[PDB]
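S.K.:
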Amino acid sequence: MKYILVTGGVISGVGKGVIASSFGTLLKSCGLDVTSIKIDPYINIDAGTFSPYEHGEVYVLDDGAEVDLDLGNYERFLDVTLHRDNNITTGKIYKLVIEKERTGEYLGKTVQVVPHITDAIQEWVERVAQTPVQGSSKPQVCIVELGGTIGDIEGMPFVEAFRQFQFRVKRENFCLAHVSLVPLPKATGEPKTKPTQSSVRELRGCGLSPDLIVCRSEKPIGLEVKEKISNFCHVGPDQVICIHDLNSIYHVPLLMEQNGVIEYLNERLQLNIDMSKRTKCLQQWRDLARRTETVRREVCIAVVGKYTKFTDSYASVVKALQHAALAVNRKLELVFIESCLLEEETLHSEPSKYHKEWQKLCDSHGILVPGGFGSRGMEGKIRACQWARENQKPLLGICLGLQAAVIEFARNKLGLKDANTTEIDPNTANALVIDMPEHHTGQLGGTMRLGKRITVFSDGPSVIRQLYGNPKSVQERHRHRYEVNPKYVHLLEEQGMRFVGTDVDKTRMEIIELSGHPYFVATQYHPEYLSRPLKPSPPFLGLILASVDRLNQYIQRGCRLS
Amino acid sequence: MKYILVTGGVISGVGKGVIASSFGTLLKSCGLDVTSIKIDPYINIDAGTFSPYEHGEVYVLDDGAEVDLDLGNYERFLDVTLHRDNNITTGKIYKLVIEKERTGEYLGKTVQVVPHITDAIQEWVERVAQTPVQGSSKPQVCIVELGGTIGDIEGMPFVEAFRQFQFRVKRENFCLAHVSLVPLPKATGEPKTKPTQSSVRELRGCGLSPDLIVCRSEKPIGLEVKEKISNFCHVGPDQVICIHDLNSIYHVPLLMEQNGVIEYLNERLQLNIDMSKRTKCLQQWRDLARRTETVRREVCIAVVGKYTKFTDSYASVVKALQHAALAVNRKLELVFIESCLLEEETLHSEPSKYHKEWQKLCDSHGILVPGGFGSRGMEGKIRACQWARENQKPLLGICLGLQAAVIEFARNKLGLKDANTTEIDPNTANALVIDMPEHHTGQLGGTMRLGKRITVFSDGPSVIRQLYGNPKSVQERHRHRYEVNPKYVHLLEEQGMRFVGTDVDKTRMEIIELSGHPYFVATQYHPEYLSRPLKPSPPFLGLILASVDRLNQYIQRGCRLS
Amino acid sequence: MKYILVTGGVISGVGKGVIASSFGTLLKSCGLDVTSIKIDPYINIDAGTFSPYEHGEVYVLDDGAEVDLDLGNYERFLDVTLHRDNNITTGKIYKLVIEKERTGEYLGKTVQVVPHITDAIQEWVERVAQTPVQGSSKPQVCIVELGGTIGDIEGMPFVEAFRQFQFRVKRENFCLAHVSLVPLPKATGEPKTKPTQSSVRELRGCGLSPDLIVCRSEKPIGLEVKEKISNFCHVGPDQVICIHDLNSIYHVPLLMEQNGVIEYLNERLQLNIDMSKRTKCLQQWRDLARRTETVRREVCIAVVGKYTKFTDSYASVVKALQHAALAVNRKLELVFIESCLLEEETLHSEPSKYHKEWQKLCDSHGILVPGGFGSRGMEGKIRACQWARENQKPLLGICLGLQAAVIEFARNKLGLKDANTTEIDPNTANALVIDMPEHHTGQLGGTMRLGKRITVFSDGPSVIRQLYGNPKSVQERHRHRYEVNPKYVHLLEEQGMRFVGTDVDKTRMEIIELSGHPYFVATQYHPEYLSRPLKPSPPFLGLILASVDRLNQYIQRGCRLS
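Chains as they are written, first to last, in the entry's author numbering: chain B, 1 to 562; chain A, 1 to 562; chain D, 1 to 562.
1. Using 10 angstroms around the beta-carbon of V14/B, count the other beta-carbons present and answer buried if the total reaches 16, otherwise exposed.
2. Determine the extent of the alpha helix (DSSP H) in which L255/B is found, giving its start and end residues.
3. Compile a chain-ordered list of the residues in the region 158-175 of chain B whose CB is closer than 8 Å to at least one CB of chain D.
4. Between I407/B and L432/B, which are expected to be in contact by the criterion C-beta below 8 Å, what is the C-beta distance as a whole number of angstroms?
5. Just the chain B side, please: which residues come within less than 9 Å of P115/D by C-beta, in chain order?
6. Beta-carbon separation of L246/B and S209/B under 8 Å?
7. Under 9 Å between beta-carbons, which chain A residues line up against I11/D? List them in chain order, please.
8. How would you label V6/D, buried or exposed, when you count the other beta carbons within 10 angstroms and need 16 or more for buried?
9. Using only alpha-carbon positions, find the residue among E224/D, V114/D, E263/D and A546/D that is nearest to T279/D.
10. Just list the alpha helix (DSSP H) runs in the region 186-220 of chain B, keeping only unbroken ones of 4 residues or longer that don't cross its boundaries, in chain order.
11. Can you list, in chain order, the residues of the region 208-222 of chain D whose Cβ is nearer than 9 Å to any Cβ on chain A?
12. Since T308/A meets chain C, which of its residues come closer than 9 Å, beta carbon to beta carbon?
13. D46/D versus chain A: which residues are under 9 Å apart at the beta carbon?
14. Should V252/D be flagged as near chain A, meaning a C-beta pair shorter than 8 Å?
15. With a threshold of 8 Å between beta carbons, is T90/D in contact with chain A?
16. Give me the Cα-Cα distance between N86/B and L146/B, rounded to the nearest whole angstrom.
17. Taking Cβ to Cβ, would you say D312/A is nearer than 8 Å to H55/A?
18. Would DSSP call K381/B helix, strand or coil?
19. Sort out for me which residues DSSP pairs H178/D with in a bridge.
20. Residues in its own chain within less than 7 Å of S29/D by CB, not counting five upstream and five downstream?
21. Whole angstroms are fine: how far does the CA of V303/A sit from the CA of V235/D?
22. Given a limit of 8 Å on CB to CB distance, which residues of the region 102-134 of chain A reach chain B?
23. Indicate the three-state DSSP secondary structure (helix, strand or coil) for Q475/D in the structure shown.
24. For the pair the region 41-53 of chain B and the region 436-443 of chain B, tell me if three or more CB-CB distances fall below 8 Å.
25. So for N430/A, helix, strand or coil by DSSP?
26. So which of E202/A, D79/A and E160/A has the shortest CA-CA distance to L534/A?
27. Using alpha carbons as the reference points, say which of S349/B, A522/B, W387/B and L265/B lies closest to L26/B.
28. Grouping DSSP H, G and I as helix and E and B as strand, with all else coil, what is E145/B?
29. With 8 Å as the C-beta to C-beta threshold (strictly closer), list the residues of the region 45-79 of chain B near chain D in chain order.
30. As an exercise, report each continuous beta strand (DSSP E) stretch of at least 3 residues that is fully enclosed by the region 474-523 of chain D, in chain order.
31. So with CB distances below 8 Å, who are the chain A contacts of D245/D?
32. Does any CB atom of chain B fall closer than 8 Å to the CB of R296/D?
33. Leaving out the 5 sequence neighbours to the left and right, which residues in its chain are closer than 6 Å to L416/D when beta-carbon positions are compared?
34. Hey, could you find the ends of the alpha helix (DSSP H) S547/B is sitting in?
35. Output yes or no for whether 8 Å exceeds the beta carbon distance between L395/B and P539/B.
36. List the DSSP bridge partners of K2/B.
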């Protein structure tokens, strides 16, 4: 079995997830099973005890628990699924060592880092290899990657363990794809390659040998720069690949083919390949770019979030909008609006940036508010939700934001100003949204709704049911813990707020709709995880068509993409 | 508060415990409270899950659990006690981090190694400082040491954490005592110092600065060697201290005074000292050497163990015999006899070392057999115990070995060849020694007798009771888990094997004696831990006097040392 | 062409010259040309501007100039010669770079360390390979070694240059032999392997891979130590070779054959070998040990030098006496006597070591005084030379010491107390020994007699001429610069001091003899360089036979070894 190792670089966060994922989807279409194993050098859990919406997201995509967010790029471009055994953290390894010492497995003697730690990491590689995906036999090539940069204490046991794994097998059963960054300030002009030389030198100071020189830059360099890397890094002249800032994320496989580095992996691993045209399939990557960079209608989509610009807490949101806009020929035009600048405190302090966010919201035709962080910015989303329901604007809620929209409907339409959720102010007389935990078999205390959860519909004629082909039982991931109190839901029966989304026990509300509004859908799960370029998410298709008034003609034809 | 840091060196096992302990006992007599904090970089537990008798011992000296064996040198030369909070291991720190992330202490964000791991180590230093010994106020100078060498991965987080702790306080509130080794092969002659130059270079490659140059050698060097290292290490000429292979372990404080390095710590920390003669007390260290290197009677002491030479599994045994031989003017003459080379299989294989171990044992007049390791060498100690009871030879069993002596008495004197303990062969008809665990309040399953355990005497006129001054309740450490079955003890009542040592419930037997024999005491606890140069252990005094026939005259005078 | 690289290790002085030289003499007898290339990381010249007799010697053996002393072990066990191009120093490389920048070779641009220095070192390797010894064709395997330890700044450009040289050729055209040291103090006992682990870690932190694990110790270790090296160093179990302190220097090839590491080099380089018995020749190394460790007559040899013990300034002297004592069955018994402790100032100061050096010299029957250092200890050699000519004691002067013997003959026999050489006190009336430089073609100023110099005999019947077979012109190395004044040599013609050794111009005196004395030969050249185990030096054979009165019977038989 082959193994592809992708170490860190000078920086961590430029886009190393889509670089190592290009080699997996290139060999998957040829007839080779490719698996992914994520390594996290952080001491804390990657997503178990991590912050909700701050410096990351809770990446839960077909898994009983939660793993790192970097596994998203290894599943969209491919077609396989992963489990909790793929993501390996330093904190998880420290839990099993204590259990083995207490029982008695190391002959009662003390353990160190070698050969007591380098051998334990190699054992987890064999357990994932022998357990492939549901619908295969045995993987042939694996994609191993690690987080962080190079030259850290948390990354030393990983390099020492991977240096011995290649000696146990044959020489052609292991490779290395080192990634680097080539900085170029705007005040110098000349590509002074010096930080890259220090990155490739530290990797060679352990026992490894870089084979695939990956350099990240910002513009296509000429030929005098590659001649210096051949002697400074002491590698081959054809192993240096030039990578610049691409326009999107699907242009990575289209760049390595032009440089001529696909056949280098075949002569390094000594394997067979049954190609049809040129290496990988050309009837999928080239045809996808012909539906985006051509004719565009320029759709204006303005959302409200926590930060005024793009960051790491909105990575899975900006990627799902690109896969849903290429089907109806639309251009990605997204602007970030901070929820803190939509309250009465902003107008009383700095009214200059306050009115600027309102000019970009009323002119748009699409509202997609995700979730907040605590009680910071809850009043800003209330004034933005009432503007869409009174001006026939499309509104869609992913998660958490539904709790702030059900309160607004009870104050303007109904008339319950005291109604408030128990998370912000539990001392209230109208407990609309309370905390309803789940007590499963074997679990103690108040757990959280996360994992393999199946939801059951209720009503018949619904705009969300026809998107999935009129089913009866759909399964989707969850992460929310607060539910709606079934005591105060009797008042909403006489109004237009209908409950078309329940659970198994018919005691929790998830998908709700409003009668009379042309497009007002609010749910609780996350449809961006169950999306892919081969088949986008149905909920994200109803929001794009409603922004351009092209939704009524999609159901009459029979829904070609359901 | 002052802090003395003692890092590693070139070698790890030459005797770093007696080097850092010399600075603690020197300032304790002046009126300054000195505490010790042990740092273990090993991943496995230092003594919890460590092997019994193999590469170490279970050091339990006034503590609810067990700590490292290196803490013995910091308690014999001084007069204070330590707890479980002094010994800090890497595995113990990894247990509390998981508890803090699950509850919610690091603001939900992830943690790394800086400043997430360097600040957690400094918090444990303040907890031990605020909790001194029972009978003091607040310590002024601490002795911080760590195991292993220099340059390992397990020692990197410790150097980075200690490099910042000195910046939080003043400059004169922290010091460093770097120890090194100066090798000199017998085929070279010239003191080619080179490994020492590389040890002081790696320590300065982090942020620390060596202050007390400690170099271990084998002979007093001249003046051309000290001037050569001063320019390589870039330190002061008076900071280099010459340390060679001493004769014992109490000659360390007597060596640093002649070099003139005691007053250097006063000008570095800016403290006061009320001395009487010259710095430390001269009426204790100089008077102790006048009772050992003078007149000796040359006593032959031969014991049976696991290895033929000295190692790390018999460190606390060779140190307790030195403190008990200087009171009656004796010379240390101990020979190690392997128990595996005393069975019938060794005689039929290699009889060269078979009769050699018996020749040195029969000429001696004292048997002190400790404990074995599993069932490897149990039949060898049976042949050596059956002769000490017939040729009026003194015998003293520390631990575990008592189980092999009670079976021999049931075969030769009684006549039960089928009697055998349940540890070796549980399928027997005469279960003499079984496994009797203890079920305390809050503990589940079968625990092990270890910690604060108090034993109660039984008989009156006993040779072991008069050594302590005829008490009524004595407390001593334990570690054994197997006990004697109270069903088969009724047969021993009609013979000379009396039970003069029971527990609280009067169901476990620890101290046993034999009638008619001049000196045959077999116990279960370890008297070597409760010993000190100021007052040696009573049990080890009755064995030395019995080898020279000077025991009957010790009780008539009234026991001046009881 | 194959290349064997032998880097440094923990220590640099224990005997690394005979370790790398064992692989050269093993393949030379099979029919493979072996060459040696010495690398000196020191900035100063290895022997040009180095001190005369202090921390080394001026190794001049068949070369126009002088090279390092470490090249002596690569010529005694073998049978080839080297030149000045084999020894490469850092100071010599810094001289050629300045000549290339001034003329114009690097395209006028600046140069750095890579790839500006790693490529220049590889060019000198090809120049020595294309220029073999006089009487061969082309070498097949080379022995490359360097001085100093591992991790120094002076040794960084050498490892980086050798790391790229192996990539230019094939994989089986380069090897590596890392030598380390395993210390073991007498106070520990257990072979704590820790300094060896740090030496092999720094070598792997550059790009190299250790192939031949060489560990130096002091006693044959068991099997539990080699199992730790296989996992700590991450190498093969059969690559670890155990080397302890041998008895002499010719026991190195006899140790590698028993471990079974000779056939490992054949499978690594893929070469052919035509062996007769077992690998190397067994009719030379085994037969040599049968003439030394058998019957010995115990000859007492006492010489006077600068240090009281063996050091680095007397390396070539102790090796030449071993090759001359095995021919007549003698045991090496040499004692070092300091010349500074033989004057009148030492007697008035510390008379303890004064008569001790005279007691060991009078009992011997052979004086072999080398040369001193300046004017420190010149009066001590006068009292030791005046007695050898009166008590029929054999005396042999290597170099420099002849100047102190000609003055003694002019004071006791003649009567010129004012006669003194111009080096110590030039202001004298009887300039016996003056400074007579040589002005060759092209050389300016006063040069030094060193290099290819041919001496011419004078008299006929001489004890030194019959040792070489009565020649007429002999060539020998020199290094002395002071000569005898041809004006005061007319007085010695009437006495027994005859001049049987002149130069070409018949103006310089080198070999002198004394009439009436049984054996009193004083020369100026160094016979220890022109010696080898296959044919020892004639002058060193006449001194051994004179100590046992077995010299008159050696000339009558016809000199079987001339």
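Don't be surprised by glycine CBs; every beta carbon is placed ideally from N, CA and C.
M.R.: For this structure:
1. The residue labelled residue 14/B in the question sits at position 14 within the first sequence. Its Cβ having fewer than 16 others within 10 Å, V14/B is exposed.
2. Residue numbering aside, residue 255/B sits at position 255 when the first sequence is read from its first letter. Counting along the chain, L255/B sits inside the alpha helix (DSSP H) bounded by residues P253 to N259.
3. Residues of the region 158-175 of chain B whose Cβ lies closer than 8 Å to any Cβ of chain D, in chain order: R163, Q164 and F167.
4. For this step, residue 407/B is matched to residue 407 along the first sequence. For this step, residue 432/B is matched to residue 432 along the first sequence. About 6 Å; that satisfies the 8 Å criterion.
5. In the third sequence, counting from the first residue as 1, residue 115/D sits at position 115. Under the 9 Å cutoff, chain B gives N231, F232 and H234.
6. For this step, residue 246/B is matched to residue 246 along the first sequence. For this step, residue 209/B is matched to residue 209 along the first sequence. Taking 8 Å as the cut-off, the beta carbon of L246/B is found no closer than this to the beta carbon of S209/B.
7. Your numbering for residue 11/D matches position 11 in the third sequence. Annotation: Cβ neighbours of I11/D in chain A (cutoff 9 Å, chain order): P183, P185, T188, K192, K194 and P195.
8. Within the third sequence, numbered from 1, the residue matching residue 6/D stands at position 6. Under this definition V6/D is a buried residue.
9. For the purposes of this step, residue 279/D is identified with residue 279 of the third sequence, where counting begins at 1. Nearest to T279/D by C-alpha distance, out of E224/D, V114/D, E263/D and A546/D, is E263/D.
10. Restricted to the region 186-220 of chain B, the alpha helix (DSSP H) segments that are unbroken, complete and at least 4 residues in length are 195-203, listed in chain order.
11. If the cut-off is 9 Å between Cβ atoms, the region 208-222 of chain D has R216 and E218 near chain A.
12. Among the protein chains in the structure shown, which are B, A and D, there is no chain C.
13. Start at 1 with the first residue of the third sequence, and residue 46/D comes out as number 46. Under the 9 Å cutoff, chain A gives no residues; its nearest Cβ is about 18 Å from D46/D.
14. Position 252 of the third sequence, counted from the first residue, corresponds to residue 252/D. For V252/D, the nearest beta carbon of chain A is not closer than 8 Å to its own beta carbon.
15. For the purposes of this step, residue 90/D is taken as the residue at position 90 of the third sequence. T90/D does not count as touching chain A.
16. Walking along the first sequence from the start, residue 86/B turns up at place 86. Walking along the first sequence from the start, residue 146/B turns up at place 146. Roughly 12 Å separates the two Cα atoms.
17. Against the second sequence, residue 312/A aligns to sequence position 312. Against the second sequence, residue 55/A aligns to sequence position 55. Yes, Cβ-Cβ distance for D312/A and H55/A is below 8 Å.
18. Position 381 of the first sequence, counting from 1, holds the residue named residue 381/B. Correct three-state label for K381/B: helix.
19. In the third sequence, the residue the question calls residue 178/D occupies position 178. Looking at the DSSP output, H178/D bridges to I213/D.
20. Indexing the third sequence from 1 puts residue 29/D at position 29. The beta carbon of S29/D sits closer than 7 Å to the beta carbons of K280 and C281 from its chain, once the five residues preceding and following it are set aside; these are given in chain order.
21. Numbered from its first residue, the third sequence carries residue 235/D at position 235. Numbered from its first residue, the second sequence carries residue 303/A at position 303. Their Cα atoms are separated by approximately 41 Å.
22. If the cut-off is 8 Å between Cβ atoms, the region 102-134 of chain A has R102, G104, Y106, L107, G108, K109, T110, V111, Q112, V113, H116 and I117 near chain B.
23. In the third sequence, residue 475/D corresponds to position 475, counting from 1. Residue state, collapsed to three classes: strand.
24. Contact between the region 41-53 of chain B and the region 436-443 of chain B is absent: fewer than three C-beta pairs spanning the two stretches fall below 8 Å.
25. Mapped onto the second sequence, residue 430/A falls at position 430. Three-state result, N430/A: coil.
26. Numbered from 1 along the second sequence, position 534 holds the residue referred to as residue 534/A. Taking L534/A as reference, the option from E202/A, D79/A and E160/A with the minimal CA-CA separation is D79/A.
27. Your numbering for residue 26/B matches position 26 in the first sequence. Ranking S349/B, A522/B, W387/B and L265/B by Cα distance to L26/B puts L265/B first.
28. Position 145 of the first sequence holds residue 145/B. In the structure shown, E145/B sits in a strand (DSSP, three-state: E or B).
29. Here the close residues number zero.
30. You should have 482-484, 497-499, 512-514 and 520-522.
31. Translated into positions along the third sequence, residue 245/D becomes position 245. Listed along the chain, the chain A residues whose CB falls inside 8 Å of the CB of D245/D are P185, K186 and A187.
32. Here residue 296/D refers to the residue found at position 296 when the third sequence is read from its first residue. So, not an interface residue.
33. Numbered from its first residue, the third sequence carries residue 416/D at position 416. Within its own chain, the residues whose Cβ lies closer than 6 Å to the Cβ of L416/D, once the five positions on either side in sequence are excluded, are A410 and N430, listed in chain order.
34. The count along the first sequence starts at 1 and reaches residue 547/B at position 547. Going by DSSP, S547/B is part of the alpha helix (DSSP H) stretching over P538 to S547.
35. Within the first sequence, numbered from 1, the residue matching residue 395/B stands at position 395. Within the first sequence, numbered from 1, the residue matching residue 539/B stands at position 539. One thing to note: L395/B has its Cβ no nearer than 8 Å to the Cβ of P539/B.
36. Numbered from its first residue, the first sequence carries residue 2/B at position 2. Answer by DSSP bridge pairing, in chain order: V141/B.
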